[PDB]
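A.B. asks: Mind having a look at this structure? Questions to follow.
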Amino acid sequence: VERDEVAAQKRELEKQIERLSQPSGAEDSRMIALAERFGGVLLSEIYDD
Amino acid sequence: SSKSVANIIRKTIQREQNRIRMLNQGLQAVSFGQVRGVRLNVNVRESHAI
């Protein structure tokens, strides 16, 4: 039980880490295709710096 | 990291193509002998695109 609880916490941590990964950490699940399919740029990336 | 490398290569290629296309506009309609225009053709090699 402790191992499974720790594993759930772990999985949440890696999911959170991944969510910030690429191309610039955002809702990249579909934001990617939604972004390159149209000649636009992510606002968060625009304000990246 | 590999995905990021690929994306940055693609972005740089697009930017350079845009810049070269912009520069190309100034050489339109240059009359030299039978020559009437000059272009810098930029392309992505298939052997590297794949």
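Labels used: A, B, ... for chains in the order of the structure tokens, numbers from 1 for residues in each chain, and numbers from 1 for ligands as shown.
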Residues near segment 39-44 of chain A, anyone? I mean within 10 Å using only C-alpha atoms, not counting same-chain ones fewer than 5 positions away, as a ChimeraX atom specification.
C.D. replies: /A:23-26,31-32,34,49
A.B. asks: How many Å lie between atom CA of residue 4 of chain B and atom CA of residue 46 of chain A, rounded to one decimal?
C.D. replies: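 Value for the atom CA of residue 4 of chain B-atom CA of residue 46 of chain A distance: 17.2 Å.
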A.B. asks: Give me every helix (DSSP H, G or I) residue in chain B, going by DSSP on the backbone, as an NGL selection string.
C.D. replies: :B and (2-27 or 46-49)
A.B. asks: Quick one: write out the picked residues with N, CA and C atoms as a compact mmCIF listing (two decimals), in the first residue's frame?
C.D. replies:
# COMPACT_ATOMS: atom_id res chain seq x y z
N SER B 2 16.04 14.95 -28.38
CA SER B 2 16.06 14.74 -29.82
C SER B 2 14.93 15.50 -30.50
N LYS B 3 13.73 15.46 -29.92
CA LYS B 3 12.62 16.20 -30.52
C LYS B 3 12.92 17.69 -30.55
N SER B 4 13.49 18.22 -29.47
CA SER B 4 13.83 19.64 -29.43
C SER B 4 14.87 19.99 -30.49
N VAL B 5 15.87 19.13 -30.66
CA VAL B 5 16.89 19.37 -31.68
C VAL B 5 16.25 19.43 -33.06
N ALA B 6 15.37 18.48 -33.35
CA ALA B 6 14.70 18.47 -34.65
C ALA B 6 13.90 19.75 -34.85
N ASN B 7 13.15 20.16 -33.83
CA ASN B 7 12.33 21.35 -33.96
C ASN B 7 13.18 22.60 -34.18
N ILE B 8 14.30 22.71 -33.47
CA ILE B 8 15.13 23.90 -33.64
C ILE B 8 15.77 23.92 -35.02
N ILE B 9 16.17 22.75 -35.53
CA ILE B 9 16.69 22.70 -36.89
C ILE B 9 15.62 23.18 -37.87
N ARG B 10 14.39 22.70 -37.70
CA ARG B 10 13.32 23.10 -38.60
C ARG B 10 13.08 24.61 -38.53
N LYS B 11 13.07 25.16 -37.31
CA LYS B 11 12.81 26.59 -37.15
C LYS B 11 13.90 27.42 -37.81
N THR B 12 15.16 27.03 -37.61
CA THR B 12 16.26 27.77 -38.23
C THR B 12 16.18 27.69 -39.74
N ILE B 13 15.84 26.51 -40.28
CA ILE B 13 15.71 26.38 -41.73
C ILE B 13 14.63 27.30 -42.26
N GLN B 14 13.48 27.33 -41.58
CA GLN B 14 12.40 28.20 -42.02
C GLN B 14 12.82 29.67 -41.98
N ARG B 15 13.49 30.08 -40.90
CA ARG B 15 13.91 31.47 -40.79
C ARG B 15 14.88 31.84 -41.90
N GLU B 16 15.84 30.97 -42.18
CA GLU B 16 16.82 31.27 -43.22
C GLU B 16 16.16 31.31 -44.59
N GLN B 17 15.22 30.41 -44.86
CA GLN B 17 14.50 30.46 -46.13
C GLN B 17 13.76 31.78 -46.27
N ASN B 18 13.10 32.22 -45.20
CA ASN B 18 12.39 33.49 -45.26
C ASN B 18 13.35 34.65 -45.53
N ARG B 19 14.49 34.67 -44.85
CA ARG B 19 15.44 35.76 -45.04
C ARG B 19 15.97 35.79 -46.46
N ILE B 20 16.30 34.62 -47.01
CA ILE B 20 16.82 34.57 -48.37
C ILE B 20 15.75 34.99 -49.37
N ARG B 21 14.51 34.57 -49.15
CA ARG B 21 13.44 34.99 -50.04
C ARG B 21 13.25 36.50 -49.99
N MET B 22 13.35 37.08 -48.80
CA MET B 22 13.27 38.54 -48.68
C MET B 22 14.38 39.21 -49.48
N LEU B 23 15.62 38.76 -49.28
CA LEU B 23 16.74 39.36 -50.01
C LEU B 23 16.55 39.24 -51.51
N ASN B 24 15.98 38.12 -51.96
CA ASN B 24 15.85 37.87 -53.39
C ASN B 24 15.03 38.94 -54.10
N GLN B 25 14.15 39.64 -53.38
CA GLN B 25 13.25 40.57 -54.05
C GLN B 25 14.00 41.72 -54.71
N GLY B 26 15.15 42.10 -54.17
CA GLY B 26 15.89 43.22 -54.72
C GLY B 26 16.55 42.96 -56.06
N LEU B 27 16.77 41.69 -56.40
CA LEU B 27 17.42 41.32 -57.65
C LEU B 27 16.43 41.07 -58.77
N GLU B 46 16.41 15.86 -49.42
CA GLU B 46 15.64 14.72 -48.94
C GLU B 46 16.48 13.84 -48.02
N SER B 47 17.74 13.61 -48.39
CA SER B 47 18.59 12.74 -47.58
C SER B 47 18.70 13.25 -46.15
N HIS B 48 18.52 14.55 -45.95
CA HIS B 48 18.53 15.12 -44.61
C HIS B 48 17.13 15.42 -44.08
N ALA B 49 16.16 15.65 -44.96
CA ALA B 49 14.79 15.83 -44.49
C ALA B 49 14.27 14.57 -43.82
A.B. asks: Could you pull the residues within 10 Å of residue 28 of chain B, counting only C-alpha atoms, minus those fewer than 5 positions along the same chain, as a PDB file with C-alpha atoms, in the first residue's frame?
C.D. replies:
ATOM      1  CA  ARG B  36      16.548  39.262 -66.672  1.00  0.00           C
ATOM      2  CA  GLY B  37      16.485  37.943 -63.099  1.00  0.00           C
ATOM      3  CA  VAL B  38      18.559  36.264 -60.411  1.00  0.00           C
ATOM      4  CA  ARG B  39      17.408  34.005 -57.579  1.00  0.00           C
TER       5      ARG B  39
END
A.B. asks: For residue 29 of chain A, which residue among A:9, A:15, A:4, A:47 is the nearest when counting only C-alpha atoms?
C.D. replies: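 Of A:9, A:15, A:4, A:47, the one nearest residue 29 of chain A, counting only C-alpha atoms, is A:15.
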A.B. asks: Tell me, in Å to one decimal, how far atom CA of residue 16 of chain A is from atom CA of residue 35 of chain A.
C.D. replies: 21.3 Å
A.B. asks: So what do you get for atom CA of residue 37 of chain A versus atom CA of residue 41 of chain B, distance-wise?
C.D. replies: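 Rounded to one decimal, the two atoms are 25.0 Å apart.
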